Amino acid sequence: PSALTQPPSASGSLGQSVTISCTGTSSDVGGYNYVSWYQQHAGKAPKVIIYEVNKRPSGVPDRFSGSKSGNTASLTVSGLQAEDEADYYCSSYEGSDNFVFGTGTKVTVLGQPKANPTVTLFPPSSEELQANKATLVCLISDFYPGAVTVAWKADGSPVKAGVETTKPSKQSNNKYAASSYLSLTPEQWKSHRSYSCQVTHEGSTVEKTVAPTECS
Amino acid sequence: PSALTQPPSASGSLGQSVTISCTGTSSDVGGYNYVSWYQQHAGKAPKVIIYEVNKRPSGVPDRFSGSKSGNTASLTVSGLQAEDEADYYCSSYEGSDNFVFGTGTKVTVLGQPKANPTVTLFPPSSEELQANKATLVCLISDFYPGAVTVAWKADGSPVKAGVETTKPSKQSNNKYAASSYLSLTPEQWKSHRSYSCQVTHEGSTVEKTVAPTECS
Amino acid sequence: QXXX
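Residues numbered from 1 in each chain as written, not as in the entry; some residues may be left out. Chains lettered and ligands numbered in written order. Heavy atoms only, no water. Residues with missing side-chain atoms left out of burial classes, pairs and counts.

- This entry lists X-ray crystallography as its structure determination method and reports a resolution of 2.7 Å.

- Identification of chain A as IMMUNOGLOBULIN LAMBDA DIMER MCG (LIGHT CHAIN) from Homo sapiens is taken from the PDB entry.
- For this structure, the PDB entry title reads "PRINCIPLES AND PITFALLS IN DESIGNING SITE DIRECTED PEPTIDE LIGANDS".
- If you open the UniProt record of chain A and go to Subunit (unreviewed entry), you find "Immunoglobulins are composed of two identical heavy chains and two identical light chains; disulfide-linked." (UniProt positions renumbered as here; feature names shortened; annotations may be inferred.)

Next comes the structure, spelled out in structure tokens:
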């Protein structure tokens, strides 16, 4: 197991070529080849489109191609069509029960200008600290395509624990909102210098940072 | 061409069991011991919970069960866990390097307990204020089932302006999170006594307030 | 999983 690093969104104007990456960690996508790509049309099931790094299955179209330099595999759609909108997924068959899957990439044919998110990070309020609770929130809004990667960092070091992130929910302005949160012990809150909400969206990652003070 | 035949929906009572069948052909499910069952939770990545008919990956649920008959493979989830709510797809080898996929099941866990939402209201961040913006977040977390009504107030009067509310998304504890945000000028914020977030759920209404009464 |  693990997850293989894919990019959040991967969008093109009807016509261009687009490259999706899957960057693995030695073990699985790292010098070893059962690297396969699946297409996940909105609501239907996966269709494998490229087996074994560059080979494609019966009935897949030539404009799809695969490649793998070292720790990264690639798929390239050359001649982006409407029906190329789907999510793509990579994976690696190690040598056993646990074949690893990648993160997913929303390929989007662009219908408006691209929007890079407005990341806003909020500290645990004083009232909440009152009740002896602490929740941080990372508001991610006004972005398009509607797919991002959130990530957390406690005092520099990445954080897995108290975290949840919502699906992109298209606002009234058809740009998207999403949010992520970290709940903790107040002492946990005081056990660190700083916290970061770090978001990946196409070309730009943005990492925002909070810190504990002592207002009341 | 065609696919593998699965049922939409297959809900067990919590604690009991659910079986998902996958019916195919003499050429696929009916001709090889390569039947693969996948999970894939709402919005996350597909996960192999069963390879080769009846083989689990190492740390897979000890009572995820695989069984071929003829052209029919069967996954038995025993000990219906809430976290089992997901889509389930089957797949089969299908001659000369192909691999066909099942239509996909939605599995539900009948009898999950209701949970009224935690409502965390956050005021204009310190920082953001420097940058001359104000954004309130209303975090609606840990509710079940997946429906809420957020309405905001300014001194007990509806605000239809600059509020935006994410659809709810399941969290790792299969309850839901969601957010509502209100964009204001520091003028607005500092000129209105209290903003309220009113989260209505299952006939219950919890309302949180916030005042420009934060040291600074 | 290859499998295959």
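Thoughts on the overall build of chain A
- Looking only at helices and strands, one finds 2 helices and 19 strands in chain A.
- Projecting the C-alpha coordinates of chain A onto the three principal axes gives extents of approximately 65 × 45 × 25 Å.
- Out of the 216 residues in chain A, the part that is buried amounts to 51%.
- Of all intrachain contacts in chain A linking residues separated by at least 6 positions in sequence, the fraction that spans at least 24 positions is 60%.
- Carbon and sulfur atoms form 48% of the exposed surface of chain A, whose accessible area is close to 9,500 Å².
- Measuring between centres, the 17 positive side-chain charges of chain A sit 5 Å from its 18 negative side-chain charges. (Helix = DSSP H or I, 4+ residues; strand = E, 2+ residues; numbered from the N terminus. Buried < 20%, exposed > 50% of the residue type's maximum accessible area, 1.4 Å probe, protein only. Contact = heavy atoms within 4.5 Å. Areas by Shrake-Rupley, 256 points an atom, 1.4 Å probe, with all protein chains shown as cover. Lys, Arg positive; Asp, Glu negative; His and termini not counted. Charge placed at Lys NZ, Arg CZ, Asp CG, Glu CD.)

Examining the sheet that holds strand β18 (residues 204-210) of chain B
All names here are of chain B.
- Reading across from one edge, β13-β12-β17-β18 is the order of the 4 strands in this open sheet, with antiparallel pairing throughout. Strands with a single pairing partner mark the edges of an open sheet, and in this sheet they are β13 (158-159) and β18.
- Taken together, the 6 bridges between strand β12 (residues 149-154) and strand β17 (residues 195-201) define a ladder with antiparallel strand orientation. Each residue of the ladder has a partner; that of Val-150, found in β17, is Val-199. (Pairing = 2+ DSSP bridges.)

Some details on the interface of chain B and chain A
- Taken together, the contact between chain B and chain A spans 41 residues of the former and 43 residues of the latter.
- For the pair chain B and chain A, the summed buried surface comes to about 3,300 Å²; carbon and sulfur atoms form 59% of the total.
- The interface formed by chain B and chain A contains 16 residue pairs in polar contact.
- Residue assignment for the side of chain B that touches chain A shows that the elements contributing at least two residues are β8 (99-101), β10 (118-122), α1 (126-130), β11 (134-143) and β16 (176-184) of chain B.
- When its residues are assigned to classes, the side of chain B that touches chain A shows 17 nonpolar, 15 polar and 9 charged. (Buried area = accessible area lost by both parts, 1.4 Å probe. Polar contact = N/O pair within 3.5 Å; in protein donor to acceptor, adjacent residues only side chain to side chain. Nonpolar A, V, L, I, M, F, W, Y, C, P; charged D, E, K, R; others polar.)

Let's talk about the sheet that holds strand β6 (residues 64-69) of chain A
Residues and elements named next belong to chain A.
- If you walk across this open sheet you meet the 3 strands as β3-β7-β6, and the pairing is antiparallel. The open sheet has two free edges, formed respectively by β3 (17-23) and β6, since each of these has just one partner strand. Between one strand and the next, the sheet's axes are offset by a mean angle of 20°, whatever the strand orientation. (Axes fitted to C-alpha atoms, helices over the stretch in contact; angles between N-to-C directions.)

As for the nonpolar core
Residue and element names in this part refer to chain A.
- Counting residues in hydrophobic clusters, the biggest one holds 23 residues, and the most contacted among them are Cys-138, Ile-140, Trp-152 and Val-199.
- For this core, the secondary-structure elements that each account for two or more residues are β11 (118-122), β12 (134-143), β13 (152-154), β17 (176-184) and β18 (195-201).
- No other element matches the 5 residues that β12 contributes to this core.
- Residues contacting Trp-152, with those up to four places away along its chain left out, are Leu-121, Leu-136, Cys-138, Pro-158, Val-159, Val-163, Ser-180, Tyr-181, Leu-182, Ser-196 and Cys-197. (Core = buried A, V, L, I, M, F, W, Y, C linked by side-chain atoms within 4.5 Å.)

Overview of the domain arrangement of chain A
Residue and element names in this part refer to chain A.
- Under the domain assignment, chain A is made up of domain 1 (1-111) and domain 2 (112-212).
- Between domain 1 and domain 2, the C-alpha centre-to-centre distance is 27 Å.
- Counting from both sides, the interface comprises 9 residues of domain 1 and, opposite them, 9 residues of domain 2.
- Around 760 Å² of area is buried between domain 1 and domain 2 when both sides are counted, 61% of it from carbon and sulfur atoms.
- Where domain 1 touches domain 2, the interface holds 0 salt bridges.
- Taken together, the links from domain 1 to domain 2 amount to 3 residue pairs in polar contact. (Domains from an automatic or database assignment. Salt bridge = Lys/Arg side-chain N within 4 Å of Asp/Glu carboxyl O.)

Considering the pattern of salt bridges
- This model, assessed by the stated rule, comprises 11 salt bridges over all chains.
- For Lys55(A), the salt bridge goes to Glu52(A), with nearest N and O atoms at 2.6 Å.
- Residue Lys55(A) is classed as partly exposed on the basis of its relative accessible area of 35%.
- The residue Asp62(B) makes a salt bridge to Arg63(B) at a minimum N-O spacing of 3.1 Å.
- Take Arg63(B): its relative accessible area is 48%, and that puts it in the partly exposed class.
- Through salt bridges that share partners, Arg63(A), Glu83(A) and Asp84(A) make up one connected network.

Focus on a positive patch on the surface
- A cluster of like positive charges, contributed by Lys160(A), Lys167(A), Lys44(B) and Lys167(B), occupies part of the molecular surface.
- Looking at where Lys44(B) falls in the secondary structure, it is placed in the loop between β3 (35-38) and β4 (48-50). (Patch = residues over 30% accessible without salt bridge, like charges linked within 9 Å, V, L, I, M, F, W, Y side chains within 5 Å.)

Quick word on the state of the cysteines
All names here are of chain A.
- Under the defined criterion, the tally for this structure stands at 5 disulfides over all chains.
- The disulfide bridge from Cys-22 ends at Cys-90, spanning 2.2 Å between sulfur atoms. Residues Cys-22 and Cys-90 are joined through a disulfide that is right-handed, its torsion about the S-S bond being 100°. Taken together, the positions of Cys-22 in strand β3 and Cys-90 in strand β8 (residues 86-92) put the pair 68 residues apart, joining distant regions of the chain. We note that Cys-22, like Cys-90, is buried. (Disulfide = S-S within 2.5 Å.)

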